[PDB]
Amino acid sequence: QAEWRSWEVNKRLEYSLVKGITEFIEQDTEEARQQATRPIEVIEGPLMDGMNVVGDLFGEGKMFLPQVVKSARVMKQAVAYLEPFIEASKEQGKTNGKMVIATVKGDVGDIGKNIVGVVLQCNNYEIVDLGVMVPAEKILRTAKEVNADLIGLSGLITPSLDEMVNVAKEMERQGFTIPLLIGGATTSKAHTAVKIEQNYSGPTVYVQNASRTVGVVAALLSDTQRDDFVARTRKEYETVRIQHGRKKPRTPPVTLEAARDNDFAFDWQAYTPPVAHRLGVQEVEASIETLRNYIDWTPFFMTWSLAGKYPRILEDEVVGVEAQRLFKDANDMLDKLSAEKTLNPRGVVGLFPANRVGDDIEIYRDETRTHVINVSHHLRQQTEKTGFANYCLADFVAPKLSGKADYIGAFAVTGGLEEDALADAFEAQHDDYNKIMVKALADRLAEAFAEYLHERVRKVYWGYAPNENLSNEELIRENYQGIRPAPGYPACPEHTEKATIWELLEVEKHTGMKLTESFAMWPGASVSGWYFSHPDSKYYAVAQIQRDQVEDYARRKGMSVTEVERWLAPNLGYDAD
């Protein structure tokens, strides 16, 4: 009764490590301890060798992320046993290097940084994760104290880009010398070479994914390829730098007043917006069982680095089988979470009477539309357009002057407040696998709540599409009437606008959701936005706007021209200043 459970205790570890088995991992690492001269030996011995096998099958394309991080669980759960033994010992082993990783200040994204983290650990590297929303002061202070070999920053939203710039400028002022690694959603080879590097004398390198990271950190910590690398990189960032400064034959921008004039052309007198069936703010609720169906799995696989749209991905050649397994692993947790009620999604919805006024939407106390209680600000496209209107989300709402009764909604949902706790429980058991899963699922559940809610709105709450019966795939295709733009996307860049959503719906109190200094939401698995009904509305990108609109927007927002320039950095069609 065994078979594999009968080879050399070292052939067992190295094996269980690859296959990712954890039910003999305790006694297998123990027996290999008593049989070793000193604790640390089991590390560079069976464990080390085993991991290499993973890195190998990884490159050939046999193993994928899911397994790698699943093997990491073994690697870690093993060491976790060798803590006292490896500690109460003499020389306690070496590493390929130590790195301080952190999600920049004001940002809450971390799954990606987690992936990059574990991967680097599966390559015998020390990683001190400083978590999220970490000030550059802490990052550096820590890099100093722990004497890290390099610093790595991660970001998801726009505010983050500037924050990384800060850290660069800081490391430069504090006379740092180690290389600065930058990554995450918003980070791009472009921005990392036109708005960051020129701030730090040390080597600043951008990296697209966890995989390539090991490559970069390799040379960067190599007494050989280091110079050659940085040199090629510096000269490489210079090229992309001048290329993003050739000012190609673009279309001449237009004045703010010129744009507004070419606003959405629509006969409002002949049109009568659908009246809101249920005005006011309500707290909505849906179980995991209710939202699963509304989950869009394609993104989920992307989080585990398995390309291919779902479900076509399941029958894929190269990564089909693993995709199948991950999905199954995923759903089993959802079944658990749904049963035990350990993760409960929450949300608040609200419909209000409104009307358009310029590039803004006026929210009123009641239907008498005599008292403005809030104002949704929006920007407008400022490129010379012909035959097409200079799009603005506000245009899709009947203007005060048209005397037409129009409306606007707002929402805020989450996969559950417990997201953070559930993950911590895993970190505690050195289970990064399930830790990454719960967060990935929390997110899939948040977005699902979003889809579900928007439906319940069109159908019930706002009730303009009662006879709507679209399929999950059609929902993914957005094949319904009306949009639900969310502050952050190109349709509405201004992030600080989520404040108005919090104020209006009283998010904090109905869901427990909050906003941070950088206007980030917590829990991370969170979605908030508006609800337009107009059948001609779309997610038109604001694009590059000019100085005149910034000043004007600044006046309506009651913010400093400098402030809005920070928040709308990515859309500054003029000299960023």
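So that there is no doubt, residue numbering starts at 1 and follows the sequence shown.
S.K.: Taking only the CA atoms, which stretch has the higher mean B-factor in the record, 31 to 39 or 537 to 545?
M.R.: The stretch with the larger average C-alpha B-factor is 31 to 39.
S.K.: Tell me which stretch has the larger mean Cα B-factor in this entry, 449 to 457 or 257 to 265.
M.R.: It is 257 to 265.
S.K.: Tell me, please, which of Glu137, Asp228, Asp329, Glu283 has the highest C-alpha B factor according to the deposited entry?
M.R.: Within the set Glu137, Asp228, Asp329, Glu283, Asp228 shows the top C-alpha B-factor.
S.K.: Which one of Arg312, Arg278, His244, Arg173 shows the top CA temperature factor in the record?
M.R.: Answer, based on the entry's C-alpha B-factors: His244.
S.K.: By the record's CA B-factor, is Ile408 among the lowest, middle or highest third of residues in the chain?
M.R.: Lowest third - that is where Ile408 ends up once the chain's C-alpha B-factors are sorted.
S.K.: By its CA B factor, does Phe388 count among the lowest, middle or highest third of the modelled residues in the chain?
M.R.: Its C-alpha B-factor, which the entry lists for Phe388, ranks in the highest third among residues of this chain.
S.K.: By the record's CA B-factor, is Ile361 among the lowest, middle or highest third of residues in the chain?
M.R.: Its C-alpha B-factor, which the entry lists for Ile361, ranks in the lowest third among residues of this chain.
S.K.: How does the C-alpha B factor of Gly524 compare with the rest of the chain: lowest, middle or highest third?
M.R.: CA B-factor rank for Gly524: lowest third.
S.K.: In terms of the CA temperature factor given in the entry, to which third of its chain does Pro485 belong: lowest, middle or highest?
M.R.: According to the entry, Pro485 has a C-alpha B-factor in the chain's lowest third.
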